[PDB]
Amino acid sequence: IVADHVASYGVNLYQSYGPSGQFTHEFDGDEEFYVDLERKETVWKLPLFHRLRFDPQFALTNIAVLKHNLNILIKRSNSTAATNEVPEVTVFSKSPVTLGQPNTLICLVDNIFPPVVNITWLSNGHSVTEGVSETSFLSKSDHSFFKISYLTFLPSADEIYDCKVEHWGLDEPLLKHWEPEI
């Protein structure tokens, strides 16, 4: 479908694994907000100022209808499970790297299905929790997902970074490498 702007006013997700779910609004491929279903809390991702408001109850009851329909469809398919795809990982910086100028490392994991994955960063082969953040599962036209993880790092000549993703389609924790070419 061709259009000037495409929005997903309700990417609703519910899976039996956790069990877990996800509710986000997307406009032109980017995430406007998500709803923390466990905390019953709307978390906005707009890069602007806005007085907008969205009641998190809509997500909770919408996902409830998804759970209702999922159980009945797991039954009507003689239990057909989701087949695990192989994620495609790519690491790159947000800005050109300058020594000593704080930057952001981006780890794009694409073609995710089912929507379940651990994404962690390693620095010099050791784990790092400070300065890491990620997006929700963003939707794709083939109904898979992609996730993007961010690592705020200070470029130096001694720090080495890897992106470690783990998915059932992998059968081996993938590590994508990146070095600061100044």
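Start at 1 and count along the sequence shown; that's the residue number.
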Completion exercise
For 18-26 versus 166-174, entry-based mean Cα B-factors point to 166-174
Practice task
Could you check which stretch, 109-117 or 31-39, carries the larger mean CA temperature factor in the entry?
Solution key: 109-117
Problem - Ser136 by Cα B-factor - lowest, middle or highest third of the modelled chain - result: middle
Practice task
Determine, from the deposited record, the chain-internal third of the Cα B-factor for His143: lowest, middle or highest.
Solution key: highest
Practice task
Select lowest, middle or highest to describe the third in which the CA B-factor of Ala59 falls within its chain in this entry.
Solution key: lowest
Practice task
Please rank the C-alpha B-factors of the chain's modelled residues and tell me whether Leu70 sits in the lowest, middle or highest third.
Solution key: lowest
Practice task
Comparing against every modelled residue in the chain, figure out the third that the C-alpha B-factor of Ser149 lands in (lowest, middle or highest).
Solution key: lowest
